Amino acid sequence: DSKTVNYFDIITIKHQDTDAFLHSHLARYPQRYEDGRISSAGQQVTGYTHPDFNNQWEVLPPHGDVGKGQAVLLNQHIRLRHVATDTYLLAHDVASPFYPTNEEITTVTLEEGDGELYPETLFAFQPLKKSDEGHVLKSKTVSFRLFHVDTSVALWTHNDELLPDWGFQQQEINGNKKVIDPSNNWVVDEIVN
């Protein structure tokens, strides 16, 4: 069942604790949350607990020499593109919806992600340990932190409280500055294409 994740592969990504997929859709964050905190108003990123098309992410190399059968290694800088919306994953220092000390995650248009916001679209499948760096990423068996290079955060989610109506009651995804935590572990559920 398990398989090496290559570059340009369409993958699904699963949160180990809650089993929620890294998901996005056309809906955006409210300009202001209930306490007043201003969001980026950018496209939402959530955890979704059903298998569907909006959970699909293509693995991309950074700007500028990869084939279509090259293995993604742990602790390599990669980019993630939302297949359903054609936007890249992005983390930045704006307080998340539910965790003010955590960073909002969103997806940005192709033009901006190529442009000045390119340093913000760089991610890593970071191995849990320092010894497994450079190891091949595989579906279903490889534990990793989804790590943001620019802000040094690991993507995080929870399911004790769910998003408000503007978020379809799906889970909240944010950037956690506590990098080494059990709840930051993810796994590639499937290689779709």
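So that there is no doubt, residue numbering starts at 1 and follows the sequence shown.
In this entry, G64 and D65 are separated by 1 to 3 residues of the deposited sequence that lack coordinates. Looking at mean Cα B-factors across 83-91 and 105-113, the upper value is held by 105-113. According to the PDB record, 177-185 carries the higher mean C-alpha B-factor of the two stretches 8-16 and 177-185.
Listed residues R28, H158, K68, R145 were ranked by CA B-factor as deposited; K68 comes out on top. If you compare the C-alpha temperature factors of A124, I38, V59, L137 in the entry, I38 comes out highest. Remark: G47 belongs to the lowest third of its chain, ranked by C-alpha B-factor as recorded.
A154: CA B factor lies in the lowest third for its chain, per the PDB record.
Ranked within its chain, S131 lands in the highest third, by CA B factor from the PDB record. For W166, the recorded CA temperature factor ranks within the middle third of the chain's modelled residues.
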